[PDB]
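Trainee: please find the sequence and an experimentally derived structure below.
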Amino acid sequence: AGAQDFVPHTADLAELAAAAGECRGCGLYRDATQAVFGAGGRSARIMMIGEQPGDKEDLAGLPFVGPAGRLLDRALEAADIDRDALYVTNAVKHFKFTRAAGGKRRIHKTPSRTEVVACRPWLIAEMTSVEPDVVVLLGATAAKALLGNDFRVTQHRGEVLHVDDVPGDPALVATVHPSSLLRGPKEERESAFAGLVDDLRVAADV
Ligand SMILES: O=c1cc[nH]c(=O)[nH]1
Ligand code: SF4
């Protein structure tokens, strides 16, 4: 059942976000500071979904406000997409993490498929509330949430996909997670950034 009994019968994003603050659909709510719901409005035509809030998001209450968010903002700007017009959220709403000794931050840990499926009712409610024309899946966890646990982002870059069990049958575009472009060889990061821009443009051109 997961988060299902915690999701209210409302499409109002403010009411949904407040209810998510109360969610116990999996165990992640316990150590996290708060739930991080999506940001944006129901008029948005483009919904973007990441994996989970990170250290900064857990305390800001907003998605994509750390380094990965800054890289995403650079990609959106290059793609001529206004972040204010998007609805941005994550597959899981509570930060899953650990700390390492000497660490400079809390380290995100990958949600289990079990936690993703537990939290999915929130994603469904968000999609029902926003009725996006296109959904950008940033990274493996988000893409698998809607396209299946076996889905490989690397094999379907910037392809326009459509599956039958998604609300409103929006177009789906799976792409690299912005966090992946933060580190690595310069030429590899630059090529990967260009591909993210391409994928965002495909989505915006739906
Ligand atoms: O909101 C956020 C921030 C970092 N990484 C994610 O997947 N989502
Ligand atoms: S991660 Fe999702 S399902 Fe789990 S407690 Fe948080 S909001 Fe509920």
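Mentor: Structure's in. What do you need? Numbers count the residues shown, from 1 in each chain. Ligands and ions are numbered 1, 2, ... in the order given.
Trainee: CA only for contacts and neighbour counts going forward, please
Mentor: Noted.
Trainee: in the chain, which spans are helices?
Mentor: Secondary structure of the chain by DSSP state H: the helices cover 13-20, 55-60, 67-78, 113-130, 140-147, 186-204.
Trainee: in the third one, what's buried?
Mentor: So that's helix 67-78. 68, 71-73, 75-76 (16 or more other C-alpha atoms under 10 Å).
Trainee: can you check the last one too?
Mentor: Taking 16+ other C-alpha under 10 Å as the basis for neighbour counts, the residues of helix 186-204 that come out buried are 192-193, 195-204.
Trainee: which residues are in contact with it?
Mentor: 46, 75-76, 78-79, 81, 134-136, 157-160, 171-176, 181-183 (C-alpha atoms under 8 Å, 6 or more residues apart in numbering).
Trainee: orientation of it relative to helix 67-78 in degrees?
Mentor: For helix 186-204 against helix 67-78, the angle by axes from the mean of the first three to the mean of the last three C-alpha atoms, to 10 degrees is 60 degrees.
Trainee: follow-up on the earlier one: now the helices of the chain as TSV including distance to residue 92?
Mentor: Output for the helices of the chain, formatted as TSV (distance: least, C-alpha to C-alpha, whole Å):
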stretch	distance to residue 92
helix 13-20	11
helix 55-60	12
helix 67-78	16
helix 113-130	6
helix 140-147	9
helix 186-204	22
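Trainee: dump those helices to CSV, plus distance to ligand 2.
Mentor: Below are the helices of the chain laid out as CSV (distance: least, C-alpha to the nearest ligand atom, whole Å):
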stretch, distance to ligand 2
helix 13-20, 5
helix 55-60, 11
helix 67-78, 20
helix 113-130, 4
helix 140-147, 13
helix 186-204, 26
